[PDB]
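Reconstructed Cβ throughout: ideal geometry from the backbone, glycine too, with neighbour counts over all protein chains shown. Each answer follows from the model by the rule given with it, or from the source it names; nothing here is a laboratory result.
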Amino acid sequence: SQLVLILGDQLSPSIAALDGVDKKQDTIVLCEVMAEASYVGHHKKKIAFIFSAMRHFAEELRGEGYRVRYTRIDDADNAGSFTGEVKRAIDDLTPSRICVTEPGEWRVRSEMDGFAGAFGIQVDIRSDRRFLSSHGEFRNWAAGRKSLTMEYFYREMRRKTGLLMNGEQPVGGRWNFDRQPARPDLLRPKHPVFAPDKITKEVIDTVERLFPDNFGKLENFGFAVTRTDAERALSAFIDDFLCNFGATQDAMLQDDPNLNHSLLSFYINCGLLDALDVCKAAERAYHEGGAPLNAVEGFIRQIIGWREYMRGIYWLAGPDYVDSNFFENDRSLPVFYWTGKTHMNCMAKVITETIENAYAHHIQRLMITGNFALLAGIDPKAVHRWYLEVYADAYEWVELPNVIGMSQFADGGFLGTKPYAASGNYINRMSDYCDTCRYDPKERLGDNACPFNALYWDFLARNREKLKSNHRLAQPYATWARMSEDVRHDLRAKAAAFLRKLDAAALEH
Ligand SMILES: Cc1cc2nc3c(=O)[nH]c(=O)nc-3n(C[C@H](O)[C@H](O)[C@H](O)COP(=O)(O)OP(=O)(O)OC[C@H]3O[C@@H](n4cnc5c(N)ncnc54)[C@H](O)[C@@H]3O)c2cc1C
Ligand SMILES: Cc1nc2c(=O)[nH]c(=O)nc-2n(C[C@H](O)[C@H](O)[C@H](O)CO)c1C
Ligand code: SF4
Ligand code: NA
């Protein structure tokens, strides 16, 4: 018989490890374990989402006719780790083989690779065919390629999948349709939410009981936790938001946390939705005239371009990519990242959305909390931990390259992005956050000055030797060079006063 281990982000009835299962003889194992619930301090809603999705999936598999051994977080003999639980299951089931689909984090891969030796049993670790490119295929794509860029990889994925392809030509005559702020729109429909069912309510109470001090609030839990509801969330995106997806992609609004985003990452990343299925649904809408090409291509590029690319970079870069620190930063994460208590209105709103919802959209993760940590010279490892904890779609393979590469430039541009530093001028143009902020995005000195303004210049000045050759930063550096000595001095002093506030606050925390 086989022991078929399925991890919490592998919740698909067509996951590779299910190939060739004898339903009468084999047993599927799923386990809620403290090692996985504690490796970082996951958002309360993230733990509840994963455990509930796992419990519903176990019931889904039993309905399909599988034998399932399920370990709850609160079970008396819970062995505490994948290894412990597989050992318990071996003793129970006496299998001749273990089958498992390859995982999404170095830490878990290391643990899984230890099974064969630990148990003296054959362990078949299967390639995860939910991704378009295997580890070997990405490595060959990268080989001899001195400059890795998503643009190049994306073309390969378009060709491989045939998405938006007219034979060998991209639909519409260009590969990429690639920005404006949005206006409040009370006619934009609400995104779908799903009321907690019996299983979910029990999970929620358990998470509060066992993880009472974890980041985040559980109130108004509304994630889909079943395959059907995840598909309803997809349908809602196609029907209500996709047509405007491109138009508002980089916009931010105080009173509109979701805008035209899909809010599907949580489901795609744990197996409740399939990345390719999602892209195909968008493509079908395009051909029915339901959305313009810029919206549909924009959407598909984020999934078969960015998402796939980040996975490839993560595995190519190796476990010590997490130690990337191009700017040699050592500042701790500010405490307001945990509380949302800051006079910077943009930061307060984004962090509050994060506390309440375990979600923020891309340009918030990049240009608000990401940009701030970049400019404030935060230790990239501290930034990584926070992003991995606080979002219900976060797993190391996807979070880490977004943090180290795209946002923090802590890899010095390995994954092909350019530094995203921006001042209050950017945030004022792309959001309405400044409208109710105590600071003035037009001012750089004085008590009313937006903190991002002097910080932006200080970031460029302190890192000039490493960044001066960067083409994106040519104009800012030329502007800096034309500033008088006193102007430069005063900007750096203003930034230093703010960084001193951070450093003084960190000491007591
Ligand atoms: C600092 C930082 C950390 C991030 N951490 C995560 C993470 O832990 N998990 C995660 O899934 N995404 C992460 N992202 C990427 C992106 O912000 C999220 O995928 C997106 O916010 C999910 O919301 P959505 O489903 O509404 O996406 P939409 O705006 O609707 O986009 C559609 C889909 O494209 C994908 N996607 C879009 N952008 C990216 C990206 N840059 N990388 C990978 N996939 C992308 C997701 O599958 C998403 O569902 C991060 C980005 C930044 C800048
Ligand atoms: C919080 C959490 N809990 C569990 C769990 O109890 N059991 C489980 O199988 N998976 C969990 N996960 C997902 C994993 O920690 C890990 O991030 C993925 O397996 C990576 O591929 C997470 C994130
Ligand atoms: S003035 Fe500065 S701190 Fe305030 S909302 Fe605007 S960008 Fe954020
Ligand atoms: Na995987």
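Some points to look at:
- So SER147, is it loosely packed, with under 14 Cβ neighbours inside 10 Å and of a type in the set (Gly, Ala, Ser): yes
- Tally, over region 20-57, of residues that are within 16 Å of ligand 1 (Cβ to nearest atom) and in contact with a strand residue (DSSP E or B) (Cβ under 9 Å, 6 or more places away or on another chain): 0
- In this structure, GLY370 does not satisfy being in a helix (DSSP H, G or I), under 18 Å from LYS466 (Cα atoms) and near ligand 1 (Cβ under 10 Å from one of its atoms).
- Qualifying residue in region 470-481 (condition: more than 16 Å from ligand 4 (Cβ to nearest atom), within 16 Å of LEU374 (Cβ to Cβ) and crowded, with 21+ Cβ neighbours inside 10 Å): no
- Checking each residue in region 381-417 for being aliphatic (A, V, I, L, M), more than 26 Å from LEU11 (Cα to Cα) and in a helix (DSSP H, G or I) picks out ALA382, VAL383, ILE404, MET406.
- Identification of helices (runs of 4 or more DSSP H) wholly contained in region 61-174 with 3 or more residues that are within 26 Å of the chain's Cα centre (by Cα) and assigned by CATH to the domain that holds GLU297 yields 135-142, 150-161.
Conditions (1) away from ligand 4 (no atom under 16 Å from the Cβ); (2) under 28 Å from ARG472 (Cα atoms); (3) crowded, with 19+ Cβ neighbours inside 10 Å, marked per residue:
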| site | (1), (2), (3) |
| --- | --- |
| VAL335 | yes, no, no |
| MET344 | yes, yes, yes |
| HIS362 | yes, yes, no |
| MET367 | yes, yes, yes |
| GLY370 | yes, yes, yes |
| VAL383 | yes, yes, yes |
| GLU399 | no, yes, yes |
| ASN402 | yes, yes, yes |
| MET406 | yes, yes, yes |
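- Count of region 151-207 residues which are within 19 Å of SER52 (Cβ to Cβ) and of a type in the set (A, V, I, L, M): 6
- Answer residue from region 358-367, given it is within 16 Å of ligand 3 (Cβ to nearest atom) and either hydroxyl-bearing (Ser, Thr, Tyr) or in contact with a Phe, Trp or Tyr (Cβ under 8 Å, 6 or more places away or on another chain) (or both) and is farthest from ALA317 (Cα to Cα) among those: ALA360
- Of all the residues in region 383-406, those that are in contact with a helix residue (DSSP H, G or I) (Cβ under 6 Å, 6 or more places away or on another chain) and either among the aromatic types (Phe, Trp, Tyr) or more than 20 Å from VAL40 (Cα to Cα) (or both) number 3.
- Residue pairs whose Cβ atoms lie under 8 Å apart, separated by 6 or more positions or on different chains, with the first residue in region 251-280 and within 13 Å of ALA236 (Cβ to Cβ) and the second of a type in the set (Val, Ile, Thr) and part of a loop (DSSP other than H, G, I, E, B), are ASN260/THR248.
- Checklist (1) in contact with a helix residue (DSSP H, G or I) (Cβ under 7 Å, 6 or more places away or on another chain); (2) in the same structural domain as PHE138 (by CATH); (3) buried (at least 22 other Cβ atoms within 10 Å of the Cβ); (4) within 28 Å of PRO181 (Cα to Cα) applied to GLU297, failing item: (1)
- Residue pairs meeting the criteria (Cβ under 6 Å; at least 6 apart or on separate chains; first closer than 16 Å to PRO334 by Cα and not assigned by CATH to the domain that holds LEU400, in region 358-379; second of a type in the set (S, T, N, Q) and surrounded by 24 or more Cβ atoms within 10 Å (Cβ to Cβ)): none
- Subset of region 225-282 [part of a helix (DSSP H, G or I) and within 16 Å of ligand 2 (Cβ to nearest atom)]: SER265, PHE266, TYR267, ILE268, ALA275
- Qualifying residues in region 247-264 (those that are surrounded by fewer than 22 Cβ atoms within 10 Å (Cβ to Cβ) and small (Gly, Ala, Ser)) - the one nearest to the chain's Cα centre (by Cα): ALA251
- For beta carbons closer than 7 Å, sequence separation of 6+ or different chains, a first residue in region 170-193 that is under 18 Å from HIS361 (Cα atoms) and a second that is assigned to a helix (DSSP H, G or I) and aliphatic (A, V, I, L, M), the qualifying pairs are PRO181/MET430; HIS191/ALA236; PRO192/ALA233; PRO192/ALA236.
- Here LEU388, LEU374 are screened, and the one residue that is within 16 Å of ligand 3 (Cβ to nearest atom) and either surrounded by 20 or more Cβ atoms within 10 Å (Cβ to Cβ) or polar (S, T, N, Q) (or both) is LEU374.
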